[PDB]
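>
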Amino acid sequence: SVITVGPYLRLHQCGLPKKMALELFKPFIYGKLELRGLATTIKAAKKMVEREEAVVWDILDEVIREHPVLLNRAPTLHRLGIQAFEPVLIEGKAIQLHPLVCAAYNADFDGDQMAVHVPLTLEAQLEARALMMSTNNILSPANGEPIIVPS
Amino acid sequence: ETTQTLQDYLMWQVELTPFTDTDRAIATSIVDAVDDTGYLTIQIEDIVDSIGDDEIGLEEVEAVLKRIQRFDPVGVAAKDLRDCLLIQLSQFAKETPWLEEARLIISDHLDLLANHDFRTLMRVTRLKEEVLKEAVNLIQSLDXXXXXXXXXXXXXXXXXXXXXXXXXXXXXXXXXXXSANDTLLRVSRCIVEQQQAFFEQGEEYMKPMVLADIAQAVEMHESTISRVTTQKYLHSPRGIXXXXXXXXXXXXXXXXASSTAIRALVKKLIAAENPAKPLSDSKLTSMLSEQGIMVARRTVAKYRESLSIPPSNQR
Amino acid sequence: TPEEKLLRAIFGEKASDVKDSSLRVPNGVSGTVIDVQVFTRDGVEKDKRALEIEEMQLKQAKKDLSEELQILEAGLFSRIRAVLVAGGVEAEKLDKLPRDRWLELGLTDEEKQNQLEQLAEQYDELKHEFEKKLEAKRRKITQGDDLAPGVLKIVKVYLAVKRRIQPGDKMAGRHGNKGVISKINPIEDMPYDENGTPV
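Chains as they are written, first to last, in the deposited numbering: chain D, 353 to 503; chain M, 115 to 257, 259 to 293, 335 to 396, 398 to 413, 415 to 473; chain C, 896 to 1094.
(1) I'd like to check one pair, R421 (chain M) with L465 (chain M): are the Cβ atoms closer than 8 Å?
(2) Starting from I394 (chain D), find everything on chain M with Cβ-Cβ shorter than 7 Å and list it in chain order.
(3) Starting from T927 (chain C) and walking both ways along the beta strand (DSSP E), at which residues does that stretch end?
(4) Quick one: does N432 (chain M) have its CB under 8 Å from some CB of chain C?
(5) Could you list the residues in the segment 446-480 of chain D with a C-beta less than 8 Å from some C-beta on chain C, going in chain order?
(6) Give every residue of the same chain whose Cβ lies closer than 7 Å to the Cβ of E438 (chain D), excluding the five residues on either side of it in the sequence, and list them in chain order.
(7) Would you mind stating whether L1054 (chain C) and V928 (chain C) have Cβ atoms separated by less than 8 Å?
(8) I'd like to know if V1050 (chain C) contacts chain D, where contact means its C-beta is closer than 8 Å to some C-beta of that chain.
(9) Any chance you could list the alpha helix (DSSP H) runs of at least 4 consecutive residues sitting entirely within the segment 932-1019 of chain C, in chain order?
(10) For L241 (chain M) and chain C, any beta-carbon pair shorter than 8 Å?
(11) By the DSSP assignment, the beta strand (DSSP E) with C366 (chain D) in it spans what residues?
(12) Can you tell me which of M:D194, M:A434, M:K435, M:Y461 puts its alpha carbon nearest to the alpha carbon of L446 (chain M)?
(13) Taking the C-alpha atoms as reference points, what is the distance between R1069 (chain C) and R1034 (chain C)?
(14) For the 8 Å Cβ check, are there 3 or more pairs between the segment 204-221 of chain M and the segment 237-250 of chain M?
(15) Name the chain D residues whose beta carbon is nearer than 8 Å to that of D186 (chain M)?
(16) Cβ closer than 7 Å: which chain M residues qualify as neighbours of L918 (chain C)?
(17) Would you decide whether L1047 (chain C) is buried or exposed? Buried here means 16 or more other CB atoms lie within 10 Å of its CB.
(18) What residues in the segment 897-925 of chain C have a beta carbon less than 9 Å from any beta carbon of chain M?
(19) Kindly say whether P1081 (chain C), judged by its beta-carbon, lies nearer than 8 Å to any beta-carbon of chain M.
(20) My output table needs one value for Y389 (chain M): the three-state DSSP class, helix, strand or coil.
(21) Per DSSP, which one or two residues make a beta bridge with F185 (chain M)?
(22) Quick check on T210 (chain M): buried or exposed, where buried means 16 or more other Cβ atoms within 10 Å of its Cβ?
(23) Measuring only between beta-carbons, confirm whether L227 (chain M) sits less than 8 Å from chain C.
(24) Quick check: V468 (chain D) and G367 (chain D), are their CB atoms within less than 8 Å of each other?
(25) Does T487 (chain D) come within less than 8 Å of chain C when only Cβ atoms are used?
(26) Give me the subset of the segment 1056-1069 of chain C whose CB atoms are less than 9 Å from a CB atom of chain D, sorted by chain position.
(27) Quick check on DSSP: helix, strand or coil for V501 (chain D)?
(28) For chain C, is any of its Cβ atoms less than 8 Å away from the one on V401 (chain D)?
(29) Can you tell me whether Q465 (chain D) is helix, strand or coil according to DSSP?
(30) Whose CA, out of M:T131, M:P187, M:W126, M:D135, lies closest to the CA of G152 (chain M)?
(31) Which of the three DSSP states is assigned to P420 (chain D) in this structure?
(32) Could you check which residue in M:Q121, M:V453, M:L367, M:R394 has the C-alpha nearest to that of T386 (chain M)?
(33) If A436 (chain D) and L422 (chain D) are in contact, beta carbons under 8 Å, what's the gap, nearest whole angstrom?
(34) With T155 (chain M) and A192 (chain M) assumed to form a contact (beta carbons below 8 Å), what rounded beta-carbon distance in angstroms separates them?
(35) Spell out the partners DSSP gives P471 (chain D) in its beta bridges.
Below you can see the structure in the form of structure tokens.
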């Protein structure tokens, strides 16, 4: 999707459009609908998915939570080119990115298109919250001079 | 669109519903008997004997099969076709204008005589006015029940072969389409043009054609003439049917049609006939003998009753 | 097998094994249908709704070709109305008796031969000429074009979608300025001048 800047979303977070979030976390939706006790069959759970009741989004709120997501450009010129962030549901057709870094991604906003990868596994969560999340790396691996300088 | 179908998707649906051990084993034993129609479980005694005893009674497999019948494409497997209809009626609505009850009366029994016509059965079910007709409309709105797979997006067009054009009261070949290749195609476009000149579709059927005549014309080998027309299909302005206008016979008579008009016009004469249910093969053989085709009545009855013809079972 | 014949008796065979292939629209597409054409090959015996656009186009051609000879016919009736004044002028009578008032008898012999021959001759050639153009264009309305040897008929449907601006944006200026909408901003919280007009 296309990236749009906004004056919020503390350094670990990203604006995730609600239309994009429902389909990516869809299997977790099936799981927690079959779990919390409102369900009959998986196909009827799907029926609830495309009927989009107001309770489904209440499920998704607890689905996303502490389980961040990966961001990828088409080019990656270094390690920091890809980072993970905590999704926050936002109304729109565009994705919101944190303003403080225009550097590691190297691209300003002309309407460039951005990729979003979702790892699941189990330990992929910790692997995402340890060696990836942007708040862990404030420095560049080739220098040591602080990146994410305000401008 | 290069997608998995049949027991791949059905078995993938079976793996979703949790089955500890036995339900999974007998489940996989059920899913393999599904056919293109989907409602044929064939003999249940074969599924029971295939388990090789060691308990697993019939009562345990009955609920498993009933669970197989509840899958995504409504009615699945079961038996007798009278089962899946009940499942189609149970999960359809559950709130209906008295369609559920009468649906169980019609689907239960008596449906065999009610399919051709109602008549006296209208007094059996006690329904009247538009309730019975609307119920029959519901039965007509139900459903083969499955056949939701396939997903046949593409058709494999014939793409023709060689072509012809009718001039001043005469049809001539042209071989229109698209040096050794040009002449190689000119031979087929030549012998094919002369074959289209000697054979005219004309009016009503086609003139009988003998491979010995087309082979005697250009002195070409009949094996190579009919060998190419077997695989390839010559596309004319009407029809599709190239080898059909090649293979024939001498009709074994001086006053005559070939097997093409013999079987064709035989089924055409049998099309309009039997004011009620004559189903008379000897009468059709006499009608064929009245035209001078020299029919022994043995070949006309056996050859005429074949190829989708209702005969002789129409009696 | 018999149960197949029973199934064919129930629903009238319901086309039976004949397949389901259709034109059904892929997702991500909405809106209404602008127009439907459905061109057909010669001798297909189409009937269906394809004759409605034939009659519609015929009405358009008739309405387009009518006004020309209505104006020119008004000119013919204007010159006849001019020559009938020279003699034997019945005024409102001739005004209440249309269609040449049956030639208005013979009047003078010169006006008989000249006026009658010119009026009937020109009028007949205009009517026959309009009929000729209408029959030729009629041959143009109903016909068929060249087509692949393996196609019978082709259906064509048009669609339309209304799309409204959203944060995706990407509007551009004439000076080379790109950009995208950051947010959709309500009216009340935006700055305004001394007169109260918001930006």
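Ideal placement from N, C-alpha and C gives every residue a C-beta, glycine not left out.
So, to answer that:
(1) Residue mapping note: residue 465 (chain M) aligns to position 307 of the second sequence, counting from 1. Residue mapping note: residue 421 (chain M) aligns to position 263 of the second sequence, counting from 1. Taking 8 Å as the Cβ cut-off, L465 (chain M) and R421 (chain M) qualify as a contacting pair.
(2) Within the first sequence, the letter at position 42 stands for residue 394 (chain D). Among the residues of chain M, those whose CB is under 7 Å from the CB of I394 (chain D) are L130, following chain order.
(3) Numbered from its first residue, the third sequence carries residue 927 (chain C) at position 32. First-last of the beta strand (DSSP E) with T927 (chain C): 927-931.
(4) Taking the first residue of the second sequence as 1, we reach residue 432 (chain M) at position 274. Contact with chain C is absent for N432 (chain M), since none of that chain's Cβ atoms lies less than 8 Å from the residue's Cβ.
(5) If the cut-off is 8 Å between Cβ atoms, the segment 446-480 of chain D has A446, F461, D462, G463 near chain C.
(6) The residue you call residue 438 (chain D) lines up with position 86 of the first sequence. A distance below 7 Å between beta-carbons, with the five flanking residues on each side excluded, links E438 (chain D) to the following residues of its chain, in chain order: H364, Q365, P420.
(7) Residue numbering aside, residue 1054 (chain C) sits at position 159 when the third sequence is read from its first letter. Residue numbering aside, residue 928 (chain C) sits at position 33 when the third sequence is read from its first letter. Contact: yes.
(8) Along the third sequence, one-based indexing puts residue 1050 (chain C) at 155. Not an interface residue.
(9) Correct list: 945-978, 987-991.
(10) As a working mapping, residue 241 (chain M) is identified with position 127 in the second sequence. Using a Cβ-Cβ cut-off of 8 Å, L241 (chain M) does not count as an interface residue toward chain C, since no Cβ of chain C sits closer than that to its own.
(11) Locating residue 366 (chain D) in the first sequence gives position 14, counting from the first residue. 366-369 is the extent of the beta strand (DSSP E) around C366 (chain D).
(12) Start at 1 with the first residue of the second sequence, and residue 446 (chain M) comes out as number 288. Selected option, being the one with the closest Cα: M:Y461.
(13) By one-based count along the third sequence, residue 1069 (chain C) stands at place 174. By one-based count along the third sequence, residue 1034 (chain C) stands at place 139. Answer to the nearest angstrom: the Cα atoms are 52 Å apart.
(14) Verdict: yes, contact present.
(15) Along the second sequence, read from residue 1 onward, the residue named residue 186 (chain M) stands at position 72. For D186 (chain M), the chain D residues whose C-beta falls within less than 8 Å of its own C-beta are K395, listed in chain order.
(16) To locate residue 918 (chain C), count along the third sequence from 1; it is residue 23. None at all; the shortest Cβ gap to chain M is about 12 Å.
(17) Counting from 1 along the third sequence, the entry for residue 1047 (chain C) is found at position 152. With fewer than 16 other Cβ atoms within 10 Å, it is exposed.
(18) Listed in chain order, the positions of the segment 897-925 of chain C with a beta carbon within less than 9 Å of a beta carbon of chain M are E898, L901, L902, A904, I905, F906, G907, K909, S911, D912, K914, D915, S916.
(19) Here residue 1081 (chain C) corresponds to residue number 186 of the third sequence, with the count starting at 1. Closer than 8 Å: no.
(20) Your numbering for residue 389 (chain M) matches position 233 in the second sequence. Residue state, collapsed to three classes: coil.
(21) Translated into the one-based positions of the second sequence, residue 185 (chain M) becomes position 71. Bridge pairing for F185 (chain M): absent [DSSP].
(22) Walking along the second sequence from the start, residue 210 (chain M) turns up at place 96. Here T210 (chain M) is exposed. Its C-beta has fewer than 16 other C-beta atoms within 10 Å.
(23) Residue mapping note: residue 227 (chain M) aligns to position 113 of the second sequence, counting from 1. Not an interface residue.
(24) Counting from one through the first sequence, the residue named residue 468 (chain D) turns up at place 116. Counting from one through the first sequence, the residue named residue 367 (chain D) turns up at place 15. It is not a contact, given that the beta carbons lie outside the stated cut-off.
(25) As a position in the first sequence, residue 487 (chain D) is number 135, starting the count at 1. It does not: the Cβ of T487 (chain D) has no partner Cβ on chain C nearer than 8 Å.
(26) Here the close residues are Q1061, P1062, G1063, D1064, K1065.
(27) Within the first sequence, the letter at position 149 stands for residue 501 (chain D). Here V501 (chain D) sits in coil by DSSP.
(28) For the purposes of this step, residue 401 (chain D) is taken as residue 49 along the first sequence, with counting starting at 1. So no, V401 (chain D) is outside the interface.
(29) For the purposes of this step, residue 465 (chain D) is taken as the residue at position 113 of the first sequence. Three-state DSSP puts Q465 (chain D) in a strand.
(30) Here residue 152 (chain M) corresponds to residue number 38 of the second sequence, with the count starting at 1. Checked all of M:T131, M:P187, M:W126, M:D135; the closest Cα to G152 (chain M) is M:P187.
(31) Looking up residue 420 (chain D) in the first sequence gives position 68. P420 (chain D) falls in the coil class under three-state DSSP.
(32) Here residue 386 (chain M) is taken as the residue at index 230 of the second sequence, counted from 1. Looking from the CA of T386 (chain M), the closest CA among M:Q121, M:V453, M:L367, M:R394 belongs to M:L367.
(33) Your numbering for residue 436 (chain D) matches position 84 in the first sequence. Your numbering for residue 422 (chain D) matches position 70 in the first sequence. 5 Å between Cβ atoms; contact.
(34) Counted from its first residue, the second sequence places residue 155 (chain M) at position 41. Counted from its first residue, the second sequence places residue 192 (chain M) at position 78. At roughly 6 Å, the Cβ-Cβ gap stays under 8 Å, so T155 (chain M) and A192 (chain M) are in contact.
(35) Walking along the first sequence from the start, residue 471 (chain D) turns up at place 119. Beta-bridge annotation (DSSP): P471 (chain D) is not paired with any residue.
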